[PDB]
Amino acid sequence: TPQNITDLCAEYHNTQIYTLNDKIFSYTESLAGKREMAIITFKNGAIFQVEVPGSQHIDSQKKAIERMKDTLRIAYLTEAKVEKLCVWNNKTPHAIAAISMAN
């Protein structure tokens, strides 16, 4: 088992780490159609999404995806500093696999 987000991320293909050390600038949520988009941005211009549970996700996934959307909403509202994101780089915007919060 990995002990931090950087190690976790490296277990996967098509992932990298972004280091933000900043609060979320904007939060966007859609209920429309299949994609039900959740989009976060940072003041540096970085943009990320959370993808809906879909054909590419195994069943344990479903709850973790909902949780991650919950986390991003509360993080945004509380102005909590995001340390790092682990993202899939083969989607645009890059899709969030994990988040760390510190400071």
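One-based numbering along the sequence shown.
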Give the stretch, out of 6 to 14 and 77 to 85, with the larger mean C-alpha temperature factor in the deposited entry.
6 to 14
Which has the higher mean CA temperature factor in the PDB entry, 58 to 66 or 23 to 31?
58 to 66
Place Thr41 in the lowest, middle or highest third of its chain's C-alpha B-factors, as listed in the PDB entry.
middle
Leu72: C-alpha B-factor third of its chain, per the entry, is the lowest
